[PDB]
Amino acid sequence: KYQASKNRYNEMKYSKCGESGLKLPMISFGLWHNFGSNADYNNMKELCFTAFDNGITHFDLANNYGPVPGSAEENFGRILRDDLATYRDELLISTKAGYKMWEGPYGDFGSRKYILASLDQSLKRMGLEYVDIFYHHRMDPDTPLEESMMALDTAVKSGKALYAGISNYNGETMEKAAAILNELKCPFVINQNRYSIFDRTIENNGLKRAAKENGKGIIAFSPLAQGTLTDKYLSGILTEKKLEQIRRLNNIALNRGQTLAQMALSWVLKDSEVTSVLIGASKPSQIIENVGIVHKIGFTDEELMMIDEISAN
Ligand SMILES: NC(=O)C1=CN([C@@H]2O[C@H](COP(=O)(O)OP(=O)(O)OC[C@H]3O[C@@H](n4cnc5c(N)ncnc54)[C@H](OP(=O)(O)O)[C@@H]3O)[C@@H](O)[C@H]2O)C=CC1
């Protein structure tokens, strides 16, 4: 019954993952929220269909997305089986292991045991032969980096992942990971990190610069900073200081013909080293509003120095 829009590649822009021939849509769709046990199945399908119809080819999951850890993967597995499997070779599907998935010493952090056992569970829940990208979800300083990276390499060499990625790494540790995956001859093309007007962590921990200097992509998540970079906290007449930052940023957005959310998405994409911005949605209208932003990623030196002075604590 679902037939992907014939116009789905007409507007979206696609960007190389650093030096790689792998291209992400400039807007990627994440299943962190609204795909869990309590989610409505018809709404989840419509969100996926809306995403793909607008040229979003990348669906981002993790083992523990729900809630109930694994529910998002199982739900996406059902959407694939029922309607999207037809288009599987047009989709990039990711999953991850590295945060808490199940109880006990093998269900969190980083070991080869957890990472590989988790990937098998993810493939079973999603009904896939492989994921396009398999990520180490966060750094584990208590496991040798060589062990976690060799686990990603085993995933790729076992035909269970096309490419390796890492998430939440700093610049120094990303460099070490890149060196290990290079020596293992394991495709490694993408970093997934939190980035917004209100979260400059990757500008200060070396990740944004290390990714660019080593030809690795970046996919930015939480670009709307927990609803603070949306209309949610705006009036038409939650510290007083935060509401003021939001009021002034929204004025910069209005002058650009954008909502605050739209400008927040455009800002994360302003620099070429950021490959894609990862959005969420509860309703299709949010996808449709957000996909216009890929066409306004340019900012004047004035807009930028104002956004920085306003966002500065
Ligand atoms: N450690 C990691 O690697 C992590 C990665 N991620 C990835 O990033 C993805 C996105 O993260 P998330 O924080 O949800 O992303 P965003 O910062 O894009 O927030 C998404 C939410 O913002 C609201 N929203 C979206 N578009 C609009 C709009 N145009 N106007 C107003 N409100 C809007 C909706 O919430 P509502 O309708 O309820 O207001 C939506 O559910 C996740 O799904 C996941 O794939 C995220 C977290 C951790």
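- Naming follows the PDB entry, where the chain appears as L-glyceraldehyde 3-phosphate reductase of Clostridium beijerinckii.
- The title given to this PDB entry is "Clostridium beijerinckii aldo-keto reductase Cbei_3974 with NADPH".

## Description of unusual backbone geometry
- With omega at 0 degrees, the peptide bond leading from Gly66 into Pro67 counts as cis.
- Considering the arrangement of structural elements, one finds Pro67 in the loop between β4 (58-60) and α2 (71-84).
- With phi around 55 degrees, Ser222 is a residue other than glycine that occupies positive phi space.
- Inspection of the secondary structure puts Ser222 in the loop between β9 (217-221) and α8 (240-255).
- Judged by relative accessible area, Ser222 falls into the partly exposed class, the value being 23%.
- For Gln226, which is not a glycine, the phi torsion comes out positive at approximately 50 degrees.
- As for its position among the elements, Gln226 is in the loop between β9 and α8.

## Details of the packing of α2 against helix α3 (residues 112-126)
- Between α2 and α3, the shortest axis-to-axis distance is 7 Å and the interhelical angle comes to 40 degrees. In terms of their interaxial angle, α2 and α3 are classed as oblique. Counted together, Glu73, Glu74, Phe76, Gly77 and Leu80 of α2 and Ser122, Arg125 and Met126 of α3 form the full contact between these two elements.
- Its residues assigned to classes, the contact of α2 with α3 comprises 3 nonpolar, 2 polar and 3 charged.

## Section: the site of the ligand
- In the neighbourhood of the ligand, 26 residues make up the surrounding shell, with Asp60, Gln192, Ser282, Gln286 and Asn290 lying closest.
- Contacts to the ligand include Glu289, whose side-chain N or O atom sits 2.9 Å from a nitrogen atom.
- For the ligand, a nitrogen atom lies 2.5 Å from a polar atom in the side chain of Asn290.
- Compared with its free state, where it exposes 920 Å², the ligand has 84% of that area covered by protein.
- Under a 2 Å grid-point criterion requiring more than half of the atoms, the pocket assigned to the ligand is the largest pocket.
- Sorting the residues of the shell around the ligand by element identifies β10 (276-279) and α10 (284-290) as the ones contributing at least two each.
- Element by element, the count of residues in the shell around the ligand is highest for α10, at 3 residues.
- Residues belonging to the shell around the ligand are distributed by class as follows: 10 nonpolar, 12 polar and 4 charged.

Conventions and cut-offs
- Residues numbered from 1 in each chain as written, not as in the entry; some residues may be left out.
- Heavy atoms only, no water.
- Helix = DSSP H or I, 4+ residues; strand = E, 2+ residues; numbered from the N terminus.
- Buried < 20%, exposed > 50% of the residue type's maximum accessible area, 1.4 Å probe, protein only.
- Axes fitted to C-alpha atoms, helices over the stretch in contact; angles between N-to-C directions.
- Parallel < 35°, antiparallel > 145°, perpendicular 65-115°, else oblique.
- Contact = heavy atoms within 4.5 Å.
- Nonpolar A, V, L, I, M, F, W, Y, C, P; charged D, E, K, R; others polar.
- Near = heavy atom within 4 Å.
- Polar contact = N/O pair within 3.5 Å; in protein donor to acceptor, adjacent residues only side chain to side chain.
- Areas by Shrake-Rupley, 256 points an atom, 1.4 Å probe, with all protein chains shown as cover.
- 1 Å grid on protein atoms, 1.4 Å probe; cavity = no way out; pocket = protein on both sides within 12 Å on 5 of 7 lines; lining within 4 Å.
- Sits in = over half its atoms within 2 Å of the grid points.

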